[PDB]
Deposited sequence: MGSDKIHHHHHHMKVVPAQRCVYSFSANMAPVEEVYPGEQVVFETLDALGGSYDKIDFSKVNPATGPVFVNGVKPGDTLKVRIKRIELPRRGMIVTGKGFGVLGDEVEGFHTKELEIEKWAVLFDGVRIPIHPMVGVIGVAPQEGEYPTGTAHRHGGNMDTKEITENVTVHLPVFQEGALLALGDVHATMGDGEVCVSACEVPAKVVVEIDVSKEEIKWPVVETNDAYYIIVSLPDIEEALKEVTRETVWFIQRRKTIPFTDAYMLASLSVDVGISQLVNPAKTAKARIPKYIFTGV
């Protein structure tokens, strides 16, 4: 099994990044990731070239295993997070990680391992790994855990997949700017699909989560709704207004994070609507 060591990484998803490993689709790959915190740094291991993947494809990354350490780091301070125009100083706290819980002074927060940065090469230019758009990026979506498949739209040959910013746990919003940041080993399985998509999609056992990242949260919310209704309209071949009504009844619109240059909204679309 191929291992991508943490020392091979990027600080931008760039159209022109060079690969540091090549895989056939169907292969498993271990990514060793450094924590996000270490201020010219938020590193994503990779990028990885996947044979035969073309622009307009969908790269599929199944998250098999996230191996976490026993210590984590959270940080906040002036100018950071949702109330950064209201907090002083710069603060950091070490956090103990047990098998089932992150410990926070007296508190046992249920563990919830997740990959916070995941993306591929964009169409043009470069986006820092600290932000996100259609190619993926710093989406801090907690749904990206073990036993899901992240679908990503492809813009460059080979996809050029990179990944990092693993958290031991997090709440939706990530309001202080950070979660429990940790270095990790993430075991993934990479496959391809020839269908084109606009924005990333996380497939869990019972839901599709469409994930939209734009500079203002209101716009991201409008976009993910537009994308959710169409999704349903195409898969069920029903009139748009019916899909719109169906999404009002069964789709849960939400928030991934409110703190990166691009804000991440999501929409849970249950598989029961198709099955």
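- In sequence order, what intervals of the deposited sequence carry no C-alpha positions? No coordinates exist for the deposited residues in 1 to 12, 51 to 58, 296 to 297, so these stretches are absent from the model.
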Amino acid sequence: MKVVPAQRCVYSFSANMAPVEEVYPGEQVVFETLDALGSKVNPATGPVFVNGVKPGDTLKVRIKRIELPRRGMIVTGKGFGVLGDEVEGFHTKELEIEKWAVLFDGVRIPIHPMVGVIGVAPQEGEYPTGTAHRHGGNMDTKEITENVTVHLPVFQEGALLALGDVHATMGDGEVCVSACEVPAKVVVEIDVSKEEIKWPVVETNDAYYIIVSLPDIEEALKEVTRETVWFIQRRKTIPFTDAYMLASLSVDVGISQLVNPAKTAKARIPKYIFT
From here on, numbers count along this sequence of modelled residues.
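Pick out which of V120, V187, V166, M170 has the highest C-alpha B-factor in the PDB entry. Checking the PDB record, the top C-alpha B-factor among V120, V187, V166, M170 is at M170.
Item to complete: Between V154, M139, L161, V102, let me know which has the highest C-alpha B-factor in the entry?
Response: In the PDB entry, the greatest C-alpha B-factor among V154, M139, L161, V102 is found at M139.
Third assignment of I255 from its chain's C-alpha B-factors
Ranked within chain, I255 CA B lands in the highest tercile.
Check your understanding: C-alpha B factor of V3, ranked within the chain: lowest, middle or highest third?
Key -> For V3, the deposited C-alpha B-factor lands in the middle third.
- Message: Ranking every modelled residue in this chain by its Cα temperature factor as given in the entry, which third contains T225?
- Response: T225: CA B-factor falls in the middle third of its chain.
- Message: Please say which third, lowest, middle or highest, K64 falls into when its CA temperature factor is compared across its chain.
- Response: Tercile = lowest for this residue's CA B-factor.
* To do: Would you check the entry's CA temperature factor for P200 and let me know if it's in the chain's lowest, middle or highest third?
  => Its C-alpha B-factor belongs to the lowest third of this chain's values.
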